[PDB]
Amino acid sequence: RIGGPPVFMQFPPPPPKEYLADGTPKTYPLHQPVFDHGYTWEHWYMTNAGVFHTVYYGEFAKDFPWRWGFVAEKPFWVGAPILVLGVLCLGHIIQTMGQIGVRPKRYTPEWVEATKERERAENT
Amino acid sequence: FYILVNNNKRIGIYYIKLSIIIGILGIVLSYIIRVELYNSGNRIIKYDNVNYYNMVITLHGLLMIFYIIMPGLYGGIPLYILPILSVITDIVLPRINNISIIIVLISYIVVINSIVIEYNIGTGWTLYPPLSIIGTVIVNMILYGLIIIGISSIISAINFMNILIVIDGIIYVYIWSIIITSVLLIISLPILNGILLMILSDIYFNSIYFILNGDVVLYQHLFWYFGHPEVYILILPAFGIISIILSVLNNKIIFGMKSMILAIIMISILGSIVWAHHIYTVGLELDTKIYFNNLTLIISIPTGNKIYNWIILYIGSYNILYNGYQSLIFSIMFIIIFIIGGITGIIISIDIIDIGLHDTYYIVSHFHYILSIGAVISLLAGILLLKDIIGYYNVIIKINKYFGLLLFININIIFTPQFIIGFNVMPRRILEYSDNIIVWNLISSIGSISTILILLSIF
Amino acid sequence: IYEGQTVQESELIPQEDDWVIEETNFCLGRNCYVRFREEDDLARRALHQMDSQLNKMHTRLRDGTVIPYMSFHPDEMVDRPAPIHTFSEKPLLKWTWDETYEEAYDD
Amino acid sequence: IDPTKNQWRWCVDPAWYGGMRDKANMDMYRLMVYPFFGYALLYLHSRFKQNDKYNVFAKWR
Amino acid sequence: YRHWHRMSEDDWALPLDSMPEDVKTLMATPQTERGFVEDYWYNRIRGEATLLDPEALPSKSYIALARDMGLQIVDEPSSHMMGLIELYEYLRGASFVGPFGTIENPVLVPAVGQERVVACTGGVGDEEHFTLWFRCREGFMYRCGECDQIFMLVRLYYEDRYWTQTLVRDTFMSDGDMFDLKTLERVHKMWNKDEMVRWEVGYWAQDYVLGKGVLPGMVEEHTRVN
Amino acid sequence: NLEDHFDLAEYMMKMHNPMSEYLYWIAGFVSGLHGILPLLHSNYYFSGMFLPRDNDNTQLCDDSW
Amino acid sequence: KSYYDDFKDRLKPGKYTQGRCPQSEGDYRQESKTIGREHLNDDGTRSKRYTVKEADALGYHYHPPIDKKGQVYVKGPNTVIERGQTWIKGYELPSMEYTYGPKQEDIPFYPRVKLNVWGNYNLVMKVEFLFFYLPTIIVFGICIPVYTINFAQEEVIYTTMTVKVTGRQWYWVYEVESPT
Amino acid sequence: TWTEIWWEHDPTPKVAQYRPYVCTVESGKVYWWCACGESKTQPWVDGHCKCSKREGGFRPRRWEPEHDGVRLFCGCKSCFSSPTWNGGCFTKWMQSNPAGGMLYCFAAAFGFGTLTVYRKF
Amino acid sequence: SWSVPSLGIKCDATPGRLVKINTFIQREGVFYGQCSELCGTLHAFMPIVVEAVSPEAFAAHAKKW
Ligand SMILES: CCCCCCCCCCCCCCCCCC(=O)OC[C@H](COP(=O)([O-])OCC(O)COP(=O)([O-])OC[C@@H](COC(=O)CCCCCCCCCCCCCCCCC)OC(=O)CCCCCCCCCCCCCCCCC)OC(=O)CCCCCCCCCCCCCCCCC
Ligand code: HEA
Ligand code: HEA
Ligand code: CUA
Ligand SMILES: [O-][O-]
Ligand SMILES: [Cu+2]
Ligand SMILES: [K+]
Ligand SMILES: [Mg+2]
Ligand SMILES: [Zn+2]
Ligand SMILES: [Zn+2]
Ligand SMILES: [Zn+2]
């Protein structure tokens, strides 16, 4: 349809490049940090690249913060079991901080015996 | 611009973003519940403020269902890929798509504002009268939120139905999943609106439908006539995602595509006629109970066919491909988890078994395994599959075996013990309980704190 | 059900006794996060992203034809991340039939 | 009548086919944002006060 | 096409008020320099001038007659382009079905850009497979990984422009002898006399050549109120 | 334009201002506070304490603390 | 080998947190004054004037792209005539090392293989039948038990005593016949 | 049995061992696995077997561990997860000695039956 | 909702419906239950205690109380 929204248009050329006064190319913000740590592992994974192709995807330690570089360096079945227990222990610790020294009377031996008497009478 | 944008893909991102935000409030409420239930006594809620707990459980349920999982699986992933799957330039109704997300946000603000300003009382997310109609103004505010949410849901359903008129390719299984959910919404929402209006009439217009000589059981019929179709409006989009992920990642064409599609249609029709399995203990007639029990058990047939068709998709796939991707793990975990939830659903479907297990934490664990585990994981798996297309970053999820393992283990620590206390028995919607149920409640509570900690490791 | 294309024995007969199955690698290569140069501005980083699309890649066979990146669904056919306007030219789903008309041929 | 002189149909969104008139309507409603915030904030204060939520501390002092 | 909406009134003819008022320059403008409205009225004025002169039609060749009416004599180059244009337009709102593609005769995928998304469904019957989508970029002979169906991209590109009916007419049509205004006047007097106008377009056109307002009733015709 | 090809181009090209991310996280944090702050306020309103002491609604031993 | 060392040089560690100096040291919020960059800020992001305040979709800076002849600029293909034939050479994407960084060597081999399809139509049809009717059998196996237990609850019994139970907020009232 | 009775156009390996080879492997190092069973540096290609000489369709199988550790490797040369072991070595052995296979399977099932019955009962 | 798990009873106490439930206790004891329908603030604080005694004992109790 003459004068309608074009099906295809070519991109205009990009705006002029900016140099610094000394000739250094002007750099712009980039959120791709080079984290500082001693880990240098490189993990590669065969990945689906459609139906008939694959791609060898690599993860580099320097692309990740220290915490992940440390964890991802160890064997999974060395870390995983320790982490599982640790998280569970921490949860219990957190839930015990608010009840330190709490001693309800219904958990004393005297109350425990009285319930046994009630159960005997009621054949519970 | 930000709020003015009509781009269907941008709006899809907004839906996911808002679901995570509102989700933070949802998870916080869940932590309050589990903390309280850690032992017997009062832990974080005073005995004089027990009304707050009733409000916490009510808002938890409502927010997670209508403001988090539904906006995420029926608004987020659908608005981003459906027009692409349909090889169409954009969504049929651009302006309607914009207002729908704005409506969801505005209804969320109303709800949370009502927490802050109104007296905090609760009546469950099922808003049973007469309790719902003898409450304070916070109930009125919640009703406004639901009605407003209903407007967004119906207009979004209209939007997806119009794709049939413009689709330029083949209706894939996922597209069929959304269309049928849209049909379920168009047929169920108008009934919900009517019963909600009657709740308002009794709250605000001196109506007498829910006082003596008026049957309160009437509400439960009309509510659950929408209620159960809602649980399938929340699961069917998840099924559609699972089909795409398994076929794509395993490089295998969907097996029994037409049976998958006809299974989704069947689940919808059946799901529209089985609502009274939520009303087994009211005292319905013997023949009604037998009809509903019979038809409820039938839903397993079409649901079972889909499960087995998924299994053969993963079977036989090439070994060279790395299988530790988070999206693939979540998709597989869904099959393993959904079977647990569904089987327990069949158990509760037997009404005589249900007499013992109604209003107990067995029901909780049942719908958590499907929603809190299955639906959440399906939404995560779908977003993860579209990470390159969506383009988000600054998270460590795509390849994180620790996150998947820890999540699976700890989520089961929360809800598996809730099946046990269902035969103990521990009623639902309670905060205090007998001292002999502490062990299992404590174990589940330890599971809840742990799951939250694992949510921090993704960043 | 689909079980592949049908093969006649005549089509399995080689023209040489040394013919074997071509060993061409269909792994596209080693990849990672797309790495932008700091010097590049927003426009030039857009060009960089457009040049890293896996769905624009292919494998060339011994006879010069190329097998492209293919997907079951069109979701994998748009640029990653998805641009604002994707399918300006309507994607064409090609159907095959045995019907023909004389106008298409010449003697 | 010349087909190539109507490109504003797709170059400009329909909501702003009216030029300054349509831009003015949007701008006028934009001016009402903060007045709305004050009005809405007042309603929250009204409910908060009527529920005696300001006397939380004075109640027990 | 089925995807087009209803014919406009303009699709049949244009109002005489859209005739350019500088007819003298209009009839001397080269075709490449005439816009859509100018080209419409150049062809209509010149075409109707020859058609409304019966005594000269039998001695006029089809080559000359077609030129006067503005019709392009067809040839293999222009036919190819026009055909591929109409095939592109048809595929905008129609299905894409045809014979199985081979190296000798690849599936032809028309496009304006350098790429078009295409799906292969395989052969007929049991040879049909699930949709395999691929991006068809120019300069490569694509082969489906499943059925070995050969595809190829055809680009409607000519000299920094895509193919349009206007482009085809400009590139291949050649302007003939310059239109003579004497013919316009001669035919005008033939069908327009004594307050009877049987060539309205030639009455308006002659008026403009005269300077606008010269012929009887034309000042009243050009005087509007809003 | 090349800058307009991608939706949310600044974020996708990794040039966005970090404040946008901070606001998103802050918004989520505020949403979470809507469950905790009214809990504290309501507890004090009906009891006089912001949070209870575990099992302070039950009989406690003399040495309980 | 370590592939990261190949493109270590390209990745120079950063100096500023989030890649920007304090606004005081350099005002990245202002529009750039560089010619041809009026639509960009100093840091390279699009300016609010270009995208919001004077967005072209709202009628600002009206400039129709299409020309009089209904044409727009289109870049042609790379044509190479040869062997009595006009050929088009397709544009090949740059090496993935340039765009991603890793050196494209020692790539693992993933051969071409046609789709992994399930065969033996007769066998497959029987499995699909079982995928549907094995659950159907189980449901039928529960149906009879369900009817019986439902009938059992709703059985007319010769009850000899009645206890009336009323539920109130929040206690249970019980009414029982008193011995005569 | 795909190579034995179904398809005669894929290379057929020789069984080096009906038991996996235990080897210590290091992350960031590439290993080459013998797919013909005739290498004298099992489980690796020795430079003189069919795989090394690219003879008869045999090629070395590239493999790389994600983490350091001890990994099991296929000796039967037919495991589905080759080069890694998943139990196919035992399965292929049962095909070659079906009487022995029954003995082991009965013994394994006998133990499993006793333990599960003893605990549940 | 009147729930006594040991007696296999869970009947909703709905206004307007007087639901009939038949039971036959086989052993003596005390069977504890709780309200099973969210009923307001103290839904968790209205338990259901039923004690089954011998018929001779029940008659004496009823005669005195
Ligand atoms: C479940 C959780 C875990 C999930 C784990 C799994 C996740 C899997 C992955 C999921 C991925 C989903 C898809 C992601 C797609 C992302 C696309 C994207 O980035 O779009 C670009 C989009 C915008 O980028 P852009 O294109 O550059 O936008 C430029 C702007 O439009 C224009 O720039 P501008 O600078 O001109 O912007 C205007 C700016 C101007 O801003 C400024 O000037 C800011 C100045 C500083 C203010 C800072 C806050 C101050 C707060 C003070 C509080 C004081 C309290 C005092 C208390 C005293 C008590 C005594 O803003 C405004 O003017 C309006 C701001 C409104 C929004 C913020 C509202 C905050 C809360 C307000 C609450 C109010 C309550 C009132 C109650 C009243 C009751 C009466 O990005 C964002 O908006 C940020 C997204 C960041 C996250 C992306 C996802 C990453 C992956 C997930 C990470 C995990 C997240 C977990 C949830 C959060 C947990 C907390
Ligand atoms: C998406 C969420 C979801 C899903 C999918 C389901 C699915 C099912 N639910 Fe639902 N359900 C809820 C969410 C969900 N439910 C919620 C949230 C509540 C409580 C609301 C409230 O009370 O407040 C609830 C409550 C609920 C009850 C009420 C119990 C009570 O109130 O005491 C019952 C009982 O009939 C029930 C039954 C079922 C059944 C029979 C299915 C079926 O869909 C399950 C089908 C799946 C399978 C059966 C497994 C897969 C199939 C096979 C493996 C084939 C082989 C199996 C067989 C042959 C049996 N559900
Ligand atoms: C889909 C809805 C949903 C979800 C996710 C959850 C999640 C959880 N729920 Fe759920 N819950 C309900 C819906 C949901 N719940 C409903 C409807 C009720 C009944 C209401 C009533 O009784 O009135 C209920 C009741 C309920 C109770 C009963 C309180 C009572 O009435 O006595 C308890 C505590 O035992 C509980 C705990 C939890 C926990 C610990 C989690 C989770 O925290 C477990 C851990 C999992 C996560 C923390 C991940 C969740 C993440 C997301 C949801 C965001 C996903 C977003 C994207 C992927 C973009 N829930
Ligand atoms: Cu009464 Cu609950
Ligand atoms: O609800 O099932
Ligand atoms: Cu239900
Ligand atoms: K408690
Ligand atoms: Mg109930
Ligand atoms: Zn094909
Ligand atoms: Zn070898
Ligand atoms: Zn082996």
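Residues numbered from 1 in each chain as written, not as in the entry; some residues may be left out. Chains lettered and ligands numbered in written order. Part of a larger assembly, values for the part shown. Heavy atoms only, no water.

- Its PDB header names cryo-EM as the technique used to obtain the model and reports a resolution of 2.2 Å.

As for the site of ligand 2
Link 1 in the chain: Around ligand 2 there are 29 residues in total, and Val-231, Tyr-232, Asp-354, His-358 and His-366 of chain B lie nearest to it.
Link 2 in the chain: Ligand 2 sits at the junction of chains B and G, each of which supplies nearby residues.
Link 3 in the chain: Here an oxygen atom of ligand 2 sits 2.7 Å away from a polar atom, N or O, in the side chain of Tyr-232 of chain B.
Link 4 in the chain: Between ligand 2 and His-277 of chain B there is a distance of 3.0 Å, counted from an oxygen atom to a side-chain nitrogen or oxygen.
Link 5 in the chain: When residues of the shell around ligand 2 are traced back to their parent elements, those giving at least two are α7 (217-250), α10 (300-314), α11 (326-349), α12 (351-357) and α13 (361-385) of chain B.
Link 6 in the chain: By residue class, the composition of the shell around ligand 2 is 15 nonpolar, 12 polar and two charged. (Near = heavy atom within 4 Å. Polar contact = N/O pair within 3.5 Å; in protein donor to acceptor, adjacent residues only side chain to side chain. Helix = DSSP H or I, 4+ residues; strand = E, 2+ residues; numbered from the N terminus. Nonpolar A, V, L, I, M, F, W, Y, C, P; charged D, E, K, R; others polar.)

Here we look at the coordination of the zinc ion (ligand 9)
Residue and element names in this part refer to chain E.
Link 1 in the chain: The protein atoms donating to the zinc ion (ligand 9) are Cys-120 (SG), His-129 (NE2), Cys-144 (SG) and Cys-147 (SG), with metal-donor distances spanning 2.1 to 2.4 Å.
Link 2 in the chain: For the zinc ion (ligand 9), the four donor atoms in the first shell make angles of 99 to 116° at the metal, a pattern classed as tetrahedral.
Link 3 in the chain: As a motif over one chain, the donors of the zinc ion (ligand 9) read C-x8-H-x14-C-x2-C. With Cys-120 in strand β3 (residues 115-122) and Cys-144 in the loop between β5 (142-143) and β6 (150-155), this pair connects stretches of sequence that are 24 residues apart. (Donors = N, O, S within 2.8 Å, 3.2 Å for Na, K, Ca; no water. Tetrahedral: all angles 85-135°; square planar, octahedral: opposite > 155°, others 65-115°.)

So, a nonpolar patch on the surface
Link 1 in the chain: A surface patch of nonpolar side chains, about 720 Å² in accessible area, is lined by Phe-1, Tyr-2, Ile-3, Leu-4, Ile-102, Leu-105, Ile-106 and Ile-109 of chain B together with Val-52 of chain G.
Link 2 in the chain: When residues in the nonpolar patch are grouped by element, the largest group, four residues, is from helix α3 (residues 94-117) of chain B.
Link 3 in the chain: As for its placement among the helices and strands, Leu-105 of chain B is situated in helix α3. (Patch = residues over 30% accessible without salt bridge, like charges linked within 9 Å, V, L, I, M, F, W, Y side chains within 5 Å. Areas by Shrake-Rupley, 256 points an atom, 1.4 Å probe, with all protein chains shown as cover. Salt bridge = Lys/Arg side-chain N within 4 Å of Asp/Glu carboxyl O.)

Let's talk about the sheet that holds strand β1 (residues 27-31) of chain C
Link 1 in the chain: Pairing within the open sheet is mixed, and its three strands lie in the order β1(A)-β2(A)-β1(C). Looking at the sheet topology across the chains shown, the edges are occupied by β1 (42-48) of chain A together with β1 of chain C. Each strand of the sheet is rotated relative to its neighbour by a mean of 20°, with strand direction disregarded. (Pairing = 2+ DSSP bridges. Axes fitted to C-alpha atoms, helices over the stretch in contact; angles between N-to-C directions.)

Concerning the UniProt feature "transmembrane region" (unreviewed entry) in chain F
Link 1 in the chain: Under the present numbering, the feature "transmembrane region" (unreviewed entry) in UniProt falls on residues 22-40 of chain F.
Link 2 in the chain: Helix makes up 100% of residues 22-40 of chain F and strand 0%, whereas the separation of the span's terminal C-alpha atoms amounts to 26 Å. (UniProt positions renumbered as here; feature names shortened; annotations may be inferred.)

A word on the environment of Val-274 of chain B
All names here are of chain B.
Link 1 in the chain: Structurally, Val-274 can be placed in the loop between α8 (257-271) and α9 (286-298).
Link 2 in the chain: Sequence separation of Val-274 and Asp-435 is 161 residues, and the distance between their C-alpha atoms is 37 Å.
Link 3 in the chain: When residues no more than four places from it in sequence are discounted, the contact partners of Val-274 are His-228, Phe-292, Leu-295, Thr-296 and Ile-299. (Contact = heavy atoms within 4.5 Å.)

A word on the site of ligand 1
Link 1 in the chain: In the region of ligand 1, 23 residues are neighbours, and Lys-17 and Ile-20 of chain B together with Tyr-11, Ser-20 and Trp-25 of chain F sit closest.
Link 2 in the chain: Those residues lying near ligand 1 are distributed over chains B, D, F and G.
Link 3 in the chain: At 3.2 Å, a side-chain N or O of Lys-17 of chain B approaches an oxygen atom of ligand 1.
Link 4 in the chain: Isolated, ligand 1 exposes 2300 Å² of accessible area, and the fraction of that covered by the protein chains is 54%.
Link 5 in the chain: Put simply, the parts of the chain that give the shell around ligand 1 at least two residues each are α1 (8-36) of chain B, α3 (33-50) of chain D together with α2 (18-47) of chain F.
Link 6 in the chain: Here the shell around ligand 1 takes eight residues from α2 of chain F, the largest share from any one element.
Link 7 in the chain: Each residue belonging to the shell around ligand 1 can be placed in one class, and the counts come to 18 nonpolar, two polar and three charged.

Some words on the coordination of the copper ion (ligand 6)
Residue and element names in this part refer to chain B.
Link 1 in the chain: Coordination of the copper ion (ligand 6) by the protein involves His-228 (ND1), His-277 (NE2) and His-278 (NE2), with metal-donor separations of 2.1 to 2.3 Å.
Link 2 in the chain: Spacing between the donor residues of the copper ion (ligand 6) along the chain follows H-x48-H-H.
Link 3 in the chain: Its relative accessible area of 7% is what places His-228 among the buried residues. (Buried < 20%, exposed > 50% of the residue type's maximum accessible area, 1.4 Å probe, protein only.)

Let's talk about the interface of chain C and chain E
The accessible area lost on association of the parts is a frequent measure of interface size.
Link 1 in the chain: Each partner contributes to the interface: chain C provides 34 residues, whereas chain E provides 47 residues.
Link 2 in the chain: A combined buried area of about 3800 Å² lies between chain C and chain E, and 59% of that area is made up of carbon and sulfur atoms.
Link 3 in the chain: Among the residues chain C hides against chain E, the three largest losses belong to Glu-89, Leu-92 and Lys-94 of chain C. Together they make up 21% of the total.
Link 4 in the chain: Summed over the shared surface of chain C and chain E, the number is two salt bridges.
Link 5 in the chain: Taking the shortest distance from any N to any O, the salt bridge between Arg-135 of chain E and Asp-79 of chain C comes out at 3.0 Å.
Link 6 in the chain: Listing elements by their share of the side of chain C that touches chain E, those giving two or more residues are β2 (58-60), β3 (66-68) and β4 (92-96) of chain C.
Link 7 in the chain: Per-element tally for the side of chain C that touches chain E: the top contributor is β4 of chain C, with five residues. (Buried area = accessible area lost by both parts, 1.4 Å probe.)

Focus on the interface of chain E and chain G
Link 1 in the chain: Chain E puts 23 residues into the contact, and the matching count from chain G is 19 residues.
Link 2 in the chain: Of the roughly 1700 Å² buried between chain E and chain G, counting both surfaces, carbon and sulfur atoms make up 52%.
Link 3 in the chain: Where chain E touches chain G, the interface holds two salt bridges.
Link 4 in the chain: The residue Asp-148 of chain E makes a salt bridge to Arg-112 of chain G at a minimum N-O spacing of 2.8 Å.
Link 5 in the chain: Counting the contacts that link chain E with chain G gives 14 residue pairs in polar contact.
Link 6 in the chain: Every element with two or more residues in the side of chain E that touches chain G is listed here: β8 (161-162) and α5 (165-172) of chain E.
Link 7 in the chain: The biggest single contributor to the side of chain E that touches chain G is α5 of chain E, with three residues.
Link 8 in the chain: Class assignment for the residues of the side of chain E that touches chain G results in seven nonpolar, seven polar and nine charged.

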